[PDB]
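A short worksheet on the structure shown next.
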Amino acid sequence: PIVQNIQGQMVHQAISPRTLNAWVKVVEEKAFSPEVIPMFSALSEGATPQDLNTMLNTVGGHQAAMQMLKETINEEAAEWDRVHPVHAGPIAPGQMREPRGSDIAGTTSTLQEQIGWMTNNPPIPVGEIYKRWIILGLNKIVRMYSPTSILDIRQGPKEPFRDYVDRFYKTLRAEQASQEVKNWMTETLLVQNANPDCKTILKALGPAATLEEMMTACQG
Amino acid sequence: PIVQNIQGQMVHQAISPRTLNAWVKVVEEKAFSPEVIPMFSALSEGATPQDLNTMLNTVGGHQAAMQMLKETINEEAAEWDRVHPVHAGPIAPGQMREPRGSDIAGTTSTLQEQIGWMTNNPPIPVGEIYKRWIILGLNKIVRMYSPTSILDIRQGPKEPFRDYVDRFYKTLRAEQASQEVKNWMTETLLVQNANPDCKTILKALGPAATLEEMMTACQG
Amino acid sequence: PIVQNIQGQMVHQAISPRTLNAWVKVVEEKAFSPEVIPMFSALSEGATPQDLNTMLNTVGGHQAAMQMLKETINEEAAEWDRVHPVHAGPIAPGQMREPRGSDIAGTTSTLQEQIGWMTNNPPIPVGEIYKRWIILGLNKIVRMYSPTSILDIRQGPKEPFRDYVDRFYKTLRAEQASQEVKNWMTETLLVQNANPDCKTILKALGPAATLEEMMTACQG
Amino acid sequence: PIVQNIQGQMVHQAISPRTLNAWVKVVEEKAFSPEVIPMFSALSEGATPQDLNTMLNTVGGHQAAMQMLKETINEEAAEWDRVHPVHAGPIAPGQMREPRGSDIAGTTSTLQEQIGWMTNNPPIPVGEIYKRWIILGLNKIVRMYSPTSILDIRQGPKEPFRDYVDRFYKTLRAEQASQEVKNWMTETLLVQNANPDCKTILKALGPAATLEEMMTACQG
Amino acid sequence: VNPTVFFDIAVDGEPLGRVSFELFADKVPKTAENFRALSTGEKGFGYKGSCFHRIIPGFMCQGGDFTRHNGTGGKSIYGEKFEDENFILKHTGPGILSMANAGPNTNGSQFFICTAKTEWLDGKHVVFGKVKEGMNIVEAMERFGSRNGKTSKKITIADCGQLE
């Protein structure tokens, strides 16, 4: 990953081993959970496409998820090539030619070309684009690893309200269908699936009730 | 977070992965306890709002608490908007605009805008304000996670005075109240809930006896 | 309602008995279904607040819905008076005094004053404002008449897919929670609640399937 | 809909309630017959897109068919945008508005913009385009509402040729195909599916006989 | 084809002059319709009797807050706020009429008239019109403002409407 110097310029730097070790440990120990995407985005800030291909190929096990991510990256690369077509004619003296959909992934380009693309004038953020693609792939992976749907949630007669709302918000953050639909769900499905006693205790506060009073009602 | 860089010019330094791993570990073992608020304030000194959002997203599990924190951040943002109105219009070339209620929470404010608001002269204390909001939320959460109330703390027949006073002060610290109320609460509850023999032993010392004398009374 | 003349100017015109008869008949025959708001907006184009108070008072039966509409109009008028305070003192000769919320409603003002407001220079659209308020009230009323919730929809083993989707879209148009939430619902809940045979026939087409092929699949 | 007003200046005249009542009645009484298309095209001559939206909203029931109509309108708008994108060219000396797929469908286009696009010189045929789209949708709907296929039309043992040819031509008109396919079908299918008693009579007349000859042959 | 609206300006009730604006409805139509309709007052509310609450000499004159009269309010004819229509036109010089906002997609009714070239605003405020007649009335207005915007006298839109 590139790093700034005292004079202010940046240059390539070899990837640190205890980053690869931490990533492999968090991938295996925590498997796939919604909190692997923030860790991935924090571990590889400014990483070149070669470094991201390293961090992806290094993940032993769960090869189906890695193949899903590869397929998602594949489709994303094709869309980028289709959306922008290279221009023809003479090129300006102060400017030189851009990369392709497959070269954004870094599959068919050397490291020096990635460094030149990232530190050009103006800089080209290939690393950020490939990181966005990988984050989308990881979102789809954590969507697949969801153990239930959002509608099937029904609190048991003995399961406490805390565990119910924890499971609800877990599979809701793992749903990621949208943001306003999430806002409607947290109003309707949260109040619609409570245990009858605590259900009517929550109905005593009306729809204007917030989550804090919602839980301290059923509390104790 | 930004840090004083040689010489005298603050530049943006991204959050280190080791800090994030320390935060994930302290929110894995300590979970939610009174000590987490002080640890959080020390791990995120001078952090841009993006860093605090990153540190709040990496927490795995406890989604109800994170939702309470987000809702209290929204409430504080609404109150800041109601107290500090932001006038619309073109900005001056030299100085930056006054941040709105949602520019503090790093939702719609780009990292460059936050860096500007922090390094400008005079600086805008966006980081400290967002830290105060997160600290209010964490206080709410740790006062919620209390298993029992302070009024329910009672010593067992043979439970030593050590464990009793430790548990009592732990629950009292986890509880939320003004320090002035605690001054009466201790002198009214500590001696009363003790074992009868140790109760008479502490009452023999006097009502205004300090904690160390009360301890060395029933020592052993 | 006002009507333009040959030279372009407009003057008050008595309300036609045919309009009132058609409105009362459609209210009686079609009760309170989603298709009363378009017909109401079409019947009373350019109608004065007196004409709208006529069309509302003339609705015999369903007095609870009319009381809901009156309460909604009252709240809207109070908010309008709060957001637009009226000035005191002498009024300019070329300007007529601006109406208050209770006067925008047309409850305490003469018809000539409404005509002067509507034909002033510049014209003041009291009729359009009160029509918007009545349309909001009618939206709340048709929300209240909604027989069942959107989530409780489940197709019977014999109920044809046509009747299922008819009932679904009927209560969906009667819901009117939002637009994007409706778009997400018609993707998920529509295919989630099909009869197993036709259910898997629809799943054979994948999520990319449109409604036409969705129906002709289960057709025949 | 706009109408030629004395003298020679088209002004906007809102849709009359009697037209809406006639449309609601014809949709109630005749359901979705092949003839409704002409009745709809004649009831909405020169109608602004808002009037057609009103006439499509005022329908009661058949929500599935209205959904297919809306989806086909969206598809036509999508294809229209694809067939009519802004390719770079020298700007015209005279500027006239332009109707988007969403500007034609009357979704995001205000009434004034449509009046402009219609009355401007040269006129923009937004009304006729939206009418073509709605007519395509209605053709889809009436071809879906066909109870039985045209290939299944067969005469009863004592069913008179009158009702047989009536039902056959009704289903053939509801059916969708090119005119030459219909010319082949009326010669290959009509005589074959007739009752043998009159089938011999039609065969005795000849293969290329007209409808009236066969009809007066099997008459009685 | 493109609408033209005017403002008769007043400084504490003394009439000062008329500024008239050509609204570029052929490129920014929804933005131009909102200023046109707020000037006529045809939707019930508008600019007539509102003031320029912030005038910075050599930059711009801002006004249009008819609900709170101090830059914290105003509303559009589509609701309180709407999207940034587009950024085709740029801030090229004095007389350009551009939309004020509180960040992206927050347009309401506040506008500002530039009295200088303000290229730094490009891409951040939708431009939708330019002064046609009256720029020296806009220039004279500058004298009643200050570095921070505060004006010394009340500057009002005494009357406004559509001309063509």
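Brief remarks follow.
- So residue B:37, is it surrounded by 12 or more Cβ atoms within 10 Å (Cβ to Cβ), within 18 Å of residue A:36 (Cβ to Cβ) and in contact (Cβ under 8 Å) with a residue 40 or more places away in the chain: no
- In the stretch E:23-58, the residue that is surrounded by the fewest Cβ atoms within 10 Å (Cβ to Cβ) out of those that are hydroxyl-bearing (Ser, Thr, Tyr) and within 30 Å of residue D:99 (Cα to Cα) is E:40.
- Among the residues listed as C:175, C:212, the single one being within 14 Å of chain D (Cβ to nearest Cβ) and farther than 17 Å from residue A:151 by Cβ: C:212
- Test: residue in the stretch E:25-45 that is basic (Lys, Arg) and in contact with a helix residue (DSSP H, G or I) (Cβ under 7 Å, 6 or more places away or on another chain): yes
- Test result for residue A:168, within 12 Å of chain B (Cβ to nearest Cβ) and either among the basic types (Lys, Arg) or more than 22 Å from residue A:35 (Cα to Cα) (or both): no
- Residue, farthest from the other protein chains (Cβ to nearest Cβ), within the stretch A:146-162, restricted to residues that are surrounded by fewer than 13 Cβ atoms within 10 Å (Cβ to Cβ) and of a type outside the set (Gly, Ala, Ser): A:157
- Filter result (among the polar types (S, T, N, Q) and either crowded, with 16+ Cβ neighbours inside 10 Å or within 20 Å of residue C:141 (Cα to Cα) (or both)) within the stretch C:1-32: C:19
- Note on the stretch D:186-220: among residues that are more than 32 Å from the chain's Cα centre (by Cα) and in a loop (DSSP other than H, G, I, E, B), the one that is nearest to residue D:159 (Cα to Cα) is D:195.
- Filter pass, residue C:187 being closer than 30 Å to residue C:217 by Cα and more than 10 Å from every other protein chain (Cβ to nearest Cβ): no
- Residue, surrounded by the fewest Cβ atoms within 10 Å (Cβ to Cβ), within the stretch E:125-164, restricted to residues that are closer than 18 Å to residue E:109 by Cβ and among the aliphatic types (A, V, I, L, M): E:158
- Neighbours by Cβ (under 8 Å, 6+ apart or cross-chain): first from the stretch B:6-18, under 14 Å from residue A:4 (Cα atoms); second assigned to a strand (DSSP E or B) and β-branched (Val, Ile, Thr): B:10/B:2; B:10/B:3; B:11/B:2; B:11/B:3; B:12/B:2; B:13/B:2; B:13/B:3
- Just one of (1) free of Cβ contacts under 8 Å to residues at least 24 places away in the same chain; (2) over 24 Å from the mean Cα position of the chain (by Cα); (3) surrounded by fewer than 18 Cβ atoms within 10 Å (Cβ to Cβ) fails for residue B:96. It is (1).
- Condition check for residue D:194: touching a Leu at 6+ places or on another chain (Cβ under 7 Å), surrounded by fewer than 16 Cβ atoms within 10 Å (Cβ to Cβ) and in contact (Cβ under 8 Å) with a residue 12 or more places away in the chain: no
- Only one of A:167, A:173, A:143 that is under 18 Å from the mean Cα position of the chain (by Cα), over 21 Å from residue C:207 (Cα atoms) and not β-branched (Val, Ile, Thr): A:173
- Residue in the stretch C:133-143 that is more than 14 Å from chain D (Cβ to nearest Cβ), among the small types (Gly, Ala, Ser) and in contact (Cβ under 8 Å) with a residue 60 or more places away in the chain present: yes
- When residue E:92 is tested against (1) part of a loop (DSSP other than H, G, I, E, B); (2) within 11 Å of another protein chain (Cβ to nearest Cβ); (3) among the hydroxyl-bearing types (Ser, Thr, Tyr), only condition (2) is not met.
- The residues of the stretch E:106-161 that are in contact with a helix residue (DSSP H, G or I) (Cβ under 7 Å, 6 or more places away or on another chain), more than 21 Å from residue B:93 (Cα to Cα) and not in a strand (DSSP E or B) amount to a single one, E:109.
- Just one of the listed residues (A:181, A:165) is in contact (Cβ under 8 Å) with a residue 12 or more places away in the chain and in a helix (DSSP H, G or I), namely A:165.
- A count restricted to the stretch A:1-46 and to residues that are of a type in the set (A, V, I, L, M), closer than 30 Å to residue B:9 by Cβ, more than 9 Å from chain B (Cβ to nearest Cβ) and within 20 Å of the chain's Cα centre (by Cα) stands at 0.
- Looking across the stretch E:61-87 at every residue that is on the phi > 0 side of the Ramachandran plot and at the interface with chain B (Cβ under 10 Å from one of its Cβ atoms), the one that is nearest to the chain's Cα centre (by Cα) is identified as E:64.
Values in this text are rule-based calculations from the coordinates and carry no lab data. Because the Cβ atoms are built from the backbone with ideal geometry, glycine has one as well, and the counts that use them run over all protein chains shown.
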